[PDB]
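Novice:
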Amino acid sequence: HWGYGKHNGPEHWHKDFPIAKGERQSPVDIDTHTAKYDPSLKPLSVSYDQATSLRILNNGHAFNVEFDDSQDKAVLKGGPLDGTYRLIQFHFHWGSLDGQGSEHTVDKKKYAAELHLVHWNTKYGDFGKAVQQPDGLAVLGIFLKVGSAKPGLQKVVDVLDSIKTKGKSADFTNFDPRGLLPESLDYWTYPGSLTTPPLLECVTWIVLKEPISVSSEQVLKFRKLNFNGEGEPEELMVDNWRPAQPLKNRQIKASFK
Ligand SMILES: CCCSc1c(F)c(F)c(S(N)(=O)=O)c(F)c1F
Ligand SMILES: CCCSc1c(F)c(F)c(S(N)(=O)=O)c(F)c1F
Ligand SMILES: [Zn+2]
């Protein structure tokens, strides 16, 4: 029964998930001036040409676009990673207002939303055993700013009225996540956690420097979704972000500058 409300939001999560106060929690503020350029970081390899989306689901916290992760189709590697990480799903976090919504911040700046492309390390054989490992996941985070529309996002936007409420799903095939990327793959990276319960400390975060633009209308449609189930009073799905957590002497490493 955790959520994003006054009574069950991020400041309460520690009572059911005590690692909320752990040593490598996410998100964090990215101090750009203190991030360390690491010339030995490799370019990120995003190989999404064979991706197979399957379904979109309103899970009552966000919506997930799900992929077939039963073979190496869409994979992430390179960058700071060892080995190969398979795309399982993506989702977003967003605000009630354009001035908020992202989980990570950049010099305390908040973006209107943040996209998370979640990948699990193939050496652990599937997702549920990967989340138990300290290098189990790689999450590619991409900031969203409001401006010109992102035409690769519109297929997601348009399906949302079919998954308005918690537990609804819809077929969602042939969606190409390459259309959600910015032009540059420059990034920051650090070791962290899931940003939702169970808050497990299993994630290598890779946060792109370059945001994508989405239109006002696109993010407005995200804000029409509901946290509640059908036949319950409406609770708009907004402000589904965890605030920045203590860095606790982790170093954020930059691939650029
Ligand atoms: C007004 C009803 C809230 S009951 C409750 C809660 F308060 C929590 F903090 C959580 S938590 N710690 O998971 O956020 C929880 F699961 C709950 F069920
Ligand atoms: C095991 C928890 C449910 S799946 C999941 C996840 F894998 C994430 F990486 C994230 S995130 N936000 O850390 O990318 C997330 F929110 C999730 F819900
Ligand atoms: Zn997320």
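Quick note, the sequence shown lines up with residues 4 to 125, 127 to 261 if you use PDB author numbering.
Ideal Cβ positions, reconstructed from N, Cα and C, are used throughout, including at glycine.
1) In this structure, how does DSSP classify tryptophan 209 when only helix, strand and coil are distinguished?
2) With a Cβ-Cβ cutoff of 8 Å, do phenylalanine 147 and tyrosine 114 count as a contact?
3) CB of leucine 60 to nearest heavy atom of ligand 2: below 7 Å?
4) Measuring CB to CB, does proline 201 end up less than 8 Å from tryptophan 5?
5) If you measure between the beta carbons of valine 135 and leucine 204, is that distance less than 8 Å?
6) Take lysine 45 and list the residues in its own chain whose beta-carbon comes closer than 7 Å to its own, dropping the five residues that flank it on each side.
7) Identify the continuous alpha helix (DSSP H) that holds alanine 134 and give its terminal residues.
8) By DSSP's criteria, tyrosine 194 is part of a beta bridge. Which residues make up the other side?
9) Verify the contact flag: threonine 193, CB atom, against every heavy atom of ligand 2, threshold strictly below 7 Å.
10) What does a CB cutoff of less than 8 Å around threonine 37 pick up in its chain, not counting 5 residues either side in sequence?
11) Does DSSP classify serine 43 as helix, strand or coil?
12) Leaving out five residues before and five after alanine 174 in sequence, what residues of the same chain have Cβ atoms less than 6 Å from its Cβ?
13) Alpha carbon to alpha carbon, what distance is there between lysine 172 and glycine 235?
14) I want to know whether the segment 216 to 228 touches the segment 138 to 155 - three or more CB-CB distances under 8 Å.
15) Would you kindly report the start and end of the unbroken beta strand (DSSP E) that includes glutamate 221?
16) Would you please state the rounded distance, in angstroms, between the beta carbons of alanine 65 and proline 181? I believe it to be under 8 Å.
17) Taking 7 Å as the cut-off, is the CB of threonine 108 close to at least one heavy atom of ligand 3?
18) What residues sit near ligand 3, counting only those whose C-beta is closer than 6 Å to one of its heavy atoms, in chain order?
19) Measuring only the C-alpha atoms, how far is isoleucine 22 from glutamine 28?
20) Could you give the C-beta distance for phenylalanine 231 and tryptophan 97, rounded to a whole number, given that I count them as a contact under 8 Å?
21) Quick one: grab the DSSP three-state call for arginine 182.
22) How is the beta strand (DSSP E) around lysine 80 delimited, first residue to last?
23) If I measure Cβ to Cβ from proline 155 and keep anything under 8 Å in the same chain, skipping five residues before and after, which residues do I get?
24) What's the C-alpha gap between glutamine 158 and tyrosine 7?
Specialist: Considering the structure as presented:
1) Here residue 209 refers to the residue found at position 205 of the sequence shown. Looking at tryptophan 209 - three-state DSSP - the assignment turns out to be strand.
2) What you label residue 147 is simply residue 143 of the sequence shown in a count that begins at 1. What you label residue 114 is simply residue 111 of the sequence shown in a count that begins at 1. It is a contact, given that the beta carbons lie within the stated cut-off.
3) As a working mapping, residue 60 is identified with position 57 in the sequence shown. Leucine 60: no, Cβ never under 7 Å from ligand 2.
4) The count along the sequence shown starts at 1 and reaches residue 201 at position 197. The count along the sequence shown starts at 1 and reaches residue 5 at position 2. Taking C-beta atoms as the reference points, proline 201 and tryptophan 5 count as a pair closer than 8 Å.
5) The residue you call residue 135 lines up with position 131 of the sequence shown. The residue you call residue 204 lines up with position 200 of the sequence shown. Yes, Cβ-Cβ distance for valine 135 and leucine 204 is below 8 Å.
6) Looking up residue 45 in the sequence shown gives position 42. Cβ neighbours of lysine 45 beyond the five flanking positions: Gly81 and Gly82.
7) As a position in the sequence shown, residue 134 is number 130, starting the count at 1. Taken as a continuous stretch (DSSP letters only), the alpha helix (DSSP H) holding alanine 134 covers 131 to 134.
8) As a position in the sequence shown, residue 194 is number 190, starting the count at 1. Looking at the DSSP assignment, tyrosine 194 forms a beta bridge with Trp209.
9) Numbered from 1 along the sequence shown, position 189 holds the residue referred to as residue 193. In terms of side-chain proximity, the C-beta atom of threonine 193 is found no nearer than 7 Å to any non-hydrogen atom of ligand 2.
10) Position 34 of the sequence shown, counted from the first residue, corresponds to residue 37. Taken in chain order, the residues that qualify are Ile256.
11) As a position in the sequence shown, residue 43 is number 40, starting the count at 1. In the structure shown, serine 43 falls within a coil segment according to DSSP collapsed to helix, strand and coil.
12) Along the sequence shown, one-based indexing puts residue 174 at 170. Result list for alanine 174: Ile59, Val163, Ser166 and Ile167, in chain order.
13) Your numbering for residue 235 matches position 231 in the sequence shown. Your numbering for residue 172 matches position 168 in the sequence shown. Rounded to the nearest angstrom, the two C-alpha atoms are 12 Å apart.
14) The segment 216 to 228 is in contact with the segment 138 to 155.
15) Taking the first residue of the sequence shown as position 1, residue 221 is located at position 217. Per DSSP, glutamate 221 belongs to no beta strand (DSSP E); it is in the alpha helix (DSSP H), 220 to 226.
16) Within the sequence shown, the letter at position 62 stands for residue 65. Within the sequence shown, the letter at position 177 stands for residue 181. Separation of the CB atoms of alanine 65 and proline 181 is rounded to 16 Å, and the pair is thereby denied contact status at 8 Å.
17) In the sequence shown, counting from the first residue as 1, residue 108 sits at position 105. For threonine 108, the shortest separation between its Cβ and any heavy atom of ligand 3 does not lie below 7 Å.
18) Listed by position along the chain, the residues with Cβ atoms less than 6 Å from a non-hydrogen atom of ligand 3 are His94, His96, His119 and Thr199.
19) Reading the sequence shown from its first residue, position 19 is the one you call residue 22. Reading the sequence shown from its first residue, position 25 is the one you call residue 28. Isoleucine 22 and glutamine 28 have their C-alpha atoms spaced approximately 8 Å apart.
20) The residue you call residue 231 lines up with position 227 of the sequence shown. The residue you call residue 97 lines up with position 94 of the sequence shown. About 13 Å; that fails the 8 Å criterion.
21) Counted from its first residue, the sequence shown places residue 182 at position 178. Reduced to three states, the DSSP call for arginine 182 is helix.
22) If you number the sequence shown from 1, residue 80 lands on position 77. Element bounds for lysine 80: 78 to 81.
23) Position 151 of the sequence shown, counted from the first residue, corresponds to residue 155. The residues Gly183, in chain order, have a CB closer than 8 Å to that of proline 155 in the same chain once the five nearest residues on each side in sequence are set aside.
24) What you label residue 158 is simply residue 154 of the sequence shown in a count that begins at 1. What you label residue 7 is simply residue 4 of the sequence shown in a count that begins at 1. Rounded to the nearest angstrom, the gap between the Cα atoms of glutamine 158 and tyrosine 7 is 26 Å.
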